[PDB]
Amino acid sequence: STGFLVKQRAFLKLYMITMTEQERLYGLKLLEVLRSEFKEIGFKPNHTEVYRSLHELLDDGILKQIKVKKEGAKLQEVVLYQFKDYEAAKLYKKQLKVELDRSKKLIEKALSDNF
């Protein structure tokens, strides 16, 4: 990298890991939660980057899919994620702290020099 701010694909993946930790969820719920958690700041992610994020985590080996059923009254079927390789969730979580830390210095530094 040239080491500028963290990229959205990364920021979202990290949030996926944090959320899997607390409750095994599926794509559109993850978005519901992120969207509303962030609706004051004005970050409005969309369902497909969230999905591409989860998807990458599968290639990374950090997550696995489990196909289960939902209770919308629709007898549908939903896809939850669960840790495959826990060590790699940790390692990914570590890399992003670094990235987010540099990112904090940059914005603060930028807010200082220019304002």
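Position 1 is the first residue in the sequence shown; the rest follow in order. The term rigid core refers to the maximal set of C-alpha atoms that superpose within 1.5 Å between the two forms.
When the other structures are laid on the shown form by the core, the C-alphas of 49-57 and 25-33 differ in how far they drift in 4 other deposited structures of this protein; the larger average drift belongs to 25-33. Here 93-101 and 16-24 are scored by the root mean square distance of their C-alpha atoms in 4 other deposited structures of this protein, with each structure fitted by the rigid core; the higher score goes to 16-24. Just going by the entry, 3-11 versus 104-112 on mean CA temperature factor gives the higher value to 104-112.
Averaged over CA atoms, B-factors in the entry run higher in 69-77 than in the other of 42-50 and 69-77.
The PDB entry assigns its highest CA temperature factor, among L28, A88, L63, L34, to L34. In the PDB entry, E99 places in the highest third of its chain by CA B-factor.
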